[PDB]
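Residue numbers (the deposited numbering), protein chains in the order written: chain R, 54 to 290; chain U, 563 to 580, 621 to 639, 709 to 755; chain P, 821 to 869, 897 to 968, 1006 to 1048, 1074 to 1132, 1168 to 1229, 1287 to 1398. Written out below as structure tokens is the structure these notes cover.
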């Protein structure tokens, strides 16, 4: 007879649990509820790190799995399959299963960390003047409200602060123009602030989200390459 | 050693009763993955393993496929397939 | 039926990965309520704290958790599902995963609860002191003295003010300028040699900051005065407390610290400790950076003791620490008073290697009883003239 020791229980969700996933890199229990929401729980104290709806279609049957050999989390809904990995210690699961859009006007959900959002707000309020850019006031309002809401959770717990994200439900073209404007404004003023890599990453991510915004890679002798789109590391490799 | 895709499939077919009767049988289908640089083409079956008779008599379906940590043994979990 | 467990054989006969038709093992789940929903395989080395194929944990349809040897699928461990709070209804376990942080099986219930299941629950040694000073045993001691580099990489997290064998650059953040905690986890439980702490300071520094760094044993979760944070964890200190001045270079912009202690090896002798904490505070009696903010760059690397061919090296390494009369015999070897032949330059060199080893390990003693140190220093000063004579006058370079 093998001996098993019981030492208590903790309460994860009230809707019930069907599938599970553990992320060894982050010690995060990616518990999957039967309603599709994923509760990320810290594995050192028993506190839920975050709750995410994965941006998937409502009513879908999601199934989350983790692969330690490749260290990647695979989410399979009833329509599409997505792959995710940790960025800066947190899993960006807010847009884990987001379907790629087909047009620039289609609204895309965009998730950002707290520090990146703070740097973007500081640049846009002190060092960057992009008031002429489309959707600038809406982006500023969303950034300010997200930061003032996130600061309350930031002052309480550090791990919850890092897992907390700011979500912008904004059109793809608006986000591309705002990110490009931030990049250009930071380039002309020659200020090396943390908002520039964030804006470049955001613009490249939005471009990757749109298959229609993919000019062919012209790798050949005697032909120059458009550096502004080429800023992505994937194009370089 | 080209990589292979092993899919656990359930075959339903109409067979005479000894009116057509729908029979369910689970099999393992092993396909080639790596493209050529007579090796089998990708998307073409390489091996069709047949599960033993207790899978078809009880109308079982392949629940889970899990290779063992040894690398020489394979574990297959089966369960009763619901009837439409 | 509750399902079937079929153990097949990997086929490497040809150049293409195929499978064998004949199954090695066929297992039948007689109980319908024991229908398999999820399974996880436990590596056998966890229990090390026909060749065995590990153990399998499966969740049943009725919520029972079964742990079975993979070789024969025999029910070795049985865990009934818990009762839902406020009623007698079964809180049936649905899916099971393994939590390495808690070393437990984490399983989810029907009611959304998460449960954890725990698995598992000096004399008579040949010391390295009583034997005489023959060349072979001294060579074995020297081979035990050696260190090896840890490979592959490790896991460690730092406060966000630092931005990345690893290095991190510091950003001017005063959110946590006072206290700084660097948490590290060993990749595997093996013999802990020491850790190297490299720092670079500001280029315009004219006066040395009064900043201290202290290694600490990270506490296992429950199942001139030091700063209050260090005082809270004072009972589990494992190095220092040493100041910044112990390793500054000539320029003042660089430095070095080797962190280790006899208490460190004496406490790993139990073979339980796997995570550590680095605690950094600035102690007080343009960018006016004070103490911790004044640091520019930090680099950390961890070494291990060399794994020799002599087993149970824990007690061997703790022998000289616990029995200090050995050092007295060594100073006798230094004096060449001993009549067991004439001591050659090779044996004397190994003696000095052992002496430098013990001086280096004991160089950072946190609250340790200095009685052994007092005895070895007394044996030194008692024969100090003789040892300096035989080393600097009657010996080579």
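Even for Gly, the Cβ is constructed at its ideal location relative to N, Cα and C.
Among the options, the one whose alpha carbon lies nearest that of residue i
i: residue 61 (chain R); options: R:189, R:99 and R:137; result: R:99
i: residue 1045 (chain P); options: P:1376, P:963, P:1079 and P:1316; result: P:1079
i: residue 189 (chain R); options: R:159, R:171, R:167 and R:230; result: R:230
i: residue 80 (chain R); options: R:143, R:58 and R:111; result: R:143
i: residue 714 (chain U); options: U:722, U:747 and U:567; result: U:567
i: residue 1039 (chain P); options: P:1033, P:852 and P:1075; result: P:1075
i: residue 1175 (chain P); options: P:930, P:836 and P:1367; result: P:1367
i: residue 930 (chain P); options: P:1287, P:942, P:1218 and P:909; result: P:909
i: residue 738 (chain U); options: U:622, U:748, U:729 and U:719; result: U:748
i: residue 843 (chain P); options: P:852, P:854, P:830 and P:834; result: P:830
i: residue 92 (chain R); options: R:216, R:193, R:57 and R:256; result: R:216
i: residue 854 (chain P); options: P:925, P:867 and P:841; result: P:925
Residue-chain proximity (residue i, chain P), Cβ-Cβ < 8 Å
i: residue 750 (chain U); result: yes
i: residue 572 (chain U); result: no
i: residue 216 (chain R); result: no
i: residue 63 (chain R); result: yes
i: residue 714 (chain U); result: no
i: residue 723 (chain U); result: yes
i: residue 165 (chain R); result: no
i: residue 106 (chain R); result: no
i: residue 146 (chain R); result: no
i: residue 67 (chain R); result: yes
i: residue 246 (chain R); result: no
i: residue 60 (chain R); result: yes
Beta-carbon proximity of residue i to residue j, cut-off 8 Å
i: residue 1068 (chain P); j: residue 848 (chain P); result: There are no atomic positions for residue 1068 (chain P) here, as chain P continues from 1048 directly to 1074.
i: residue 259 (chain R); j: residue 161 (chain R); result: yes
i: residue 951 (chain P); j: residue 963 (chain P); result: yes
i: residue 1265 (chain P); j: residue 1043 (chain P); result: The model of chain P omits the segment between 1229 and 1287, and residue 1265 (chain P) is among the residues lacking coordinates.
i: residue 1206 (chain P); j: residue 1362 (chain P); result: yes
i: residue 170 (chain R); j: residue 140 (chain R); result: no
i: residue 63 (chain R); j: residue 1132 (chain P); result: no
i: residue 1009 (chain P); j: residue 1216 (chain P); result: no
i: residue 826 (chain P); j: residue 856 (chain P); result: no
i: residue 716 (chain U); j: residue 631 (chain U); result: yes
i: residue 912 (chain P); j: residue 860 (chain P); result: no
i: residue 1221 (chain P); j: residue 1127 (chain P); result: yes
i: residue 628 (chain U); j: residue 726 (chain U); result: yes
i: residue 946 (chain P); j: residue 953 (chain P); result: yes
i: residue 1110 (chain P); j: residue 1295 (chain P); result: yes
i: residue 565 (chain U); j: residue 636 (chain U); result: yes
i: residue 858 (chain P); j: residue 906 (chain P); result: yes
i: residue 65 (chain R); j: residue 78 (chain R); result: no
i: residue 1353 (chain P); j: residue 1022 (chain P); result: no
i: residue 69 (chain R); j: residue 959 (chain P); result: yes
Test: residue i CB closer than 8 Å to a CB of chain R
i: residue 1045 (chain P); result: no
i: residue 1076 (chain P); result: no
i: residue 924 (chain P); result: yes
i: residue 905 (chain P); result: no
i: residue 1173 (chain P); result: no
i: residue 920 (chain P); result: no
i: residue 1317 (chain P); result: no
Neighbour flag for residue i against chain U, beta carbons, 8 Å
i: residue 828 (chain P); result: yes
i: residue 1356 (chain P); result: no
i: residue 1217 (chain P); result: no
i: residue 911 (chain P); result: no
Exercise. Is the region 117 to 134 of chain R close to the region 66 to 85 of chain R, with three or more CB pairs under 8 Å?
Worked result: Yes: the two stretches touch, three or more of their Cβ pairs being nearer than 8 Å.
Exercise. Counting Cβ pairs closer than 8 Å, one from the region 278 to 287 of chain R and one from the region 208 to 216 of chain R, do we hit at least three?
Worked result: The region 278 to 287 of chain R makes no contact with the region 208 to 216 of chain R: fewer than 3 CB pairs, one atom from each, lie closer than 8 Å.
Exercise. Residues in the region 71 to 95 of chain R with C-beta within 8 Å of chain P's C-beta atoms, listed in sequence order?
Worked result: Sequence-ordered contacts of the region 71 to 95 of chain R with chain P read 71, 72, 73, 74, 75, 77, 80, 82, 84, 86 and 94 [C-beta pairs closer than 8 Å].
For this session: Spell out a yes or no on whether the region 1176 to 1192 of chain P and the region 1015 to 1028 of chain P are touching, meaning 3 or more CB-CB pairs, one atom from each, closer than 8 Å.
Result: When Cβ pairs closer than 8 Å are counted between the two stretches, the region 1176 to 1192 of chain P is seen not to touch the region 1015 to 1028 of chain P, the count staying below three.
Exercise. Using a beta-carbon distance cut-off of less than 8 Å, what residues from the region 1319 to 1349 of chain P approach chain R?
Worked result: Within the region 1319 to 1349 of chain P, no residue has its Cβ closer than 8 Å to any Cβ of chain R.
Exercise. Between the region 128 to 136 of chain R and the region 197 to 205 of chain R, do at least 3 Cβ pairs fall closer than 8 Å?
Worked result: They do not touch, by the three-pair rule.
Exercise. Would the region 169 to 181 of chain R and the region 232 to 251 of chain R be scored as touching if the rule is three or more Cβ pairs under 8 Å?
Worked result: In short, these stretches touch, since the Cβ pair count reaches three.
Exercise. For the 8 Å Cβ check, are there 3 or more pairs between the region 145 to 158 of chain R and the region 97 to 112 of chain R?
Worked result: The region 145 to 158 of chain R is in contact with the region 97 to 112 of chain R.
Exercise. Listed in chain order, which residues of the region 834 to 848 of chain P have Cβ atoms closer than 9 Å to some Cβ of chain U?
Worked result: Listed by position, the residues of the region 834 to 848 of chain P near chain U (Cβ gap below 9 Å) are 835, 836, 837, 838, 839, 840, 841, 843, 844, 845, 846 and 848.
For this session: Please list the residues of the region 729 to 740 of chain U that have a C-beta atom closer than 9 Å to any C-beta atom in chain P, keeping them in chain order.
Result: Of all residues in the region 729 to 740 of chain U, only 729, 731, 734, 735, 737, 738, 739 and 740 place a beta-carbon less than 9 Å from a beta-carbon of chain P.
Problem set entry | Touch test, the region 1327 to 1335 of chain P against the region 1102 to 1121 of chain P, Cβ-Cβ under 8 Å, three pairs minimum | With a cut-off of 8 Å, the region 1102 to 1121 of chain P and the region 1327 to 1335 of chain P do not count as touching, because too few Cβ pairs lie within range.
Exercise. Just by C-beta distance, which residues in the region 131 to 144 of chain R are closer than 8 Å to chain P?
Worked result: Cβ contacts with chain P come from 142.
Exercise. Taking any Cβ of chain R, which residues in the region 942 to 959 of chain P have a Cβ under 9 Å from it, in chain order?
Worked result: If you check each beta-carbon in the region 942 to 959 of chain P against every beta-carbon of chain R, the ones closer than 9 Å belong to 942, 943, 944, 945, 946, 947, 948, 949, 951, 952, 953, 954, 955, 956, 957, 958 and 959.
For this session: May I ask you to list, following chain order, the residues of the region 851 to 865 of chain P that have a beta carbon less than 7 Å from some beta carbon of chain U?
Result: Residues are counted here when their Cβ sits less than 7 Å from a Cβ of chain U; for the region 851 to 865 of chain P these are 855, 856, 859, 861 and 863, given in chain order.
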